[PDB]
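Novice: Those sequence lines, one after another, are chains B and A.
Per the authors' numbering, residue 261 is the first one in the first sequence, and the count goes up by one each step.
Per the authors' numbering, residue 261 is the first one in the second sequence, and the count goes up by one each step.
2 protein chains.
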Amino acid sequence: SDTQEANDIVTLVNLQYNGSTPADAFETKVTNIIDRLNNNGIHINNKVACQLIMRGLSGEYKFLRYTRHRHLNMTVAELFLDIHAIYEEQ
Amino acid sequence: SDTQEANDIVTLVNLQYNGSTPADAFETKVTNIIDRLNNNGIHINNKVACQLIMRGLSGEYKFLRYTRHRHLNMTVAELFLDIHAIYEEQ
C-alpha cells in the first residue's frame, strides 16, 4: 500500500493487549509489522520493539514492563514466550 | 536515554498540531525526532515522515492532508513551509 509504513508504525504504537485476543494472533500481528517495516527500510530492533510491545501491555501482563529493566538484550521472541506462557494459564 | 527511540516514535505518532504552538517549535521538534531516529538507525524517509506529520495535523491545517495527494516526493521542509505560511496568517 501507498500508506504502508505509516500505518504499521501507528499500529505498533497503539498496541493494547490485555488477555482477550489469543497470543497467536497478537504475536504474528506484531511479528508482521516489524517484518514489513524492516522490508521497507525501517528497522525496529529487538530493544526498541520490545519496549513498544510492553508499552500498552496491560492487565495481568502489565508488569512485564517492570522486569524488562533487568532483561537487557531481550528478544521479541523471548518476550512473547512470556506472554504465551501467561495466556496458557487463563 | 535507554528509552530514547521508543519515546521518539510515540511522540511522532501522537503529534497533534492545530495552531497554538509556534511553527518554529513544532518544526524543530519534529525535525529533531526524525534526525535522532535516523541517527539511531530508524530511517524515517521524507514520504513516510510527512505522512506521519500530516496525520494529526488538525484545525485549519487539516487541508494539507488533502493537497498531499498532488504533493508526491514532498520534503519535510516543504511541508513545514506550508505550515509556517498558514501560521503567519493567524
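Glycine included, every Cβ here is placed at the ideal spot set by N, Cα and C.
Taking the alpha helix (DSSP H) that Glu338(B) falls in, what are its first and last residues?
Specialist: As a working note, residue 338(B) is residue 78 in the first sequence. First-last of the alpha helix (DSSP H) with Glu338(B): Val336 to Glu348.
Novice: I need the straight-line Cα distance from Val290(B) to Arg330(B), nearest angstrom please.
Specialist: In the first sequence, counting from the first residue as 1, residue 290(B) sits at position 30. In the first sequence, counting from the first residue as 1, residue 330(B) sits at position 70. Spanning the two alpha carbons is a distance of roughly 23 Å.
Novice: Beta-carbon separation of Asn274(B) and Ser318(B) under 8 Å?
Specialist: Here residue 274(B) is taken as the residue at index 14 of the first sequence, counted from 1. Here residue 318(B) is taken as the residue at index 58 of the first sequence, counted from 1. No, the pair does not count as a contact, with Cβ atoms beyond the cut-off.
Novice: Per DSSP, which one or two residues make a beta bridge with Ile269(B)?
Specialist: Counted from its first residue, the first sequence places residue 269(B) at position 9. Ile269(B) is not bridged to any residue.
Novice: Give me the chain B residues within the contact set of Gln311(A), using Cβ-Cβ distance strictly less than 7 Å, ordered along the chain.
Specialist: By one-based count along the second sequence, residue 311(A) stands at place 51. Here the neighbours are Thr263 and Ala266.
Novice: Give me the chain B residues within the contact set of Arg315(A), using Cβ-Cβ distance strictly less than 9 Å, ordered along the chain.
Specialist: In the second sequence, the residue the question calls residue 315(A) occupies position 55. The answer, in chain order, is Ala266 and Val270.
Novice: Put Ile304(A) into one of helix, strand or coil per three-state DSSP.
Specialist: For this step, residue 304(A) is matched to residue 44 along the second sequence. Three-state DSSP puts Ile304(A) in coil, outside helix and strand.
Novice: Is the beta carbon of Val336(A) closer than 8 Å to that of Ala309(A)?
Specialist: In the second sequence, the residue the question calls residue 309(A) occupies position 49. In the second sequence, the residue the question calls residue 336(A) occupies position 76. Against a cut-off of 8 Å, the Cβ pair of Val336(A) and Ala309(A) comes out as a contact.
Novice: Between the Cα of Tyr321(A) and those of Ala283(A), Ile343(A), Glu287(A) and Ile293(A), spot the shortest distance and give me the residue it belongs to.
Specialist: Taking the first residue of the second sequence as 1, we reach residue 321(A) at position 61. Closest by alpha carbon: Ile343(A).
Novice: So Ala285(A) and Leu312(B) are in contact, right, with Cβ under 8 Å, and what is the actual spacing, rounded?
Specialist: To locate residue 285(A), count along the second sequence from 1; it is residue 25. To locate residue 312(B), count along the first sequence from 1; it is residue 52. Contact between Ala285(A) and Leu312(B) does not hold, since their C-beta atoms are separated by about 26 Å, which reaches or exceeds 8 Å.
Novice: As a quick exercise: from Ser261(A), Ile302(A) and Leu324(A), pick the residue whose alpha carbon is nearest that of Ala345(A).
Specialist: The residue labelled residue 345(A) in the question sits at position 85 within the second sequence. When only C-alpha atoms are compared, the closest one is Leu324(A).
Novice: Name the chain A residues that come within less than 9 Å of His331(B), Cβ to Cβ?
Specialist: Locating residue 331(B) in the first sequence gives position 71, where the first residue counts as 1. What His331(B) touches in chain A: nothing, since even the nearest Cβ is about 12 Å away.
Novice: Suppose the cutoff is 8 Å on Cβ atoms and the five residues either side in sequence are ignored; what does the same chain contact list for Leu297(B) look like?
Specialist: Here residue 297(B) refers to the residue found at position 37 when the first sequence is read from its first residue. Only residues of its own chain outside the window of five on either side were considered, and among them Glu265, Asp268, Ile269, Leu272, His303 and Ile304 have a CB closer than 8 Å to the CB of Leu297(B), listed in chain order.
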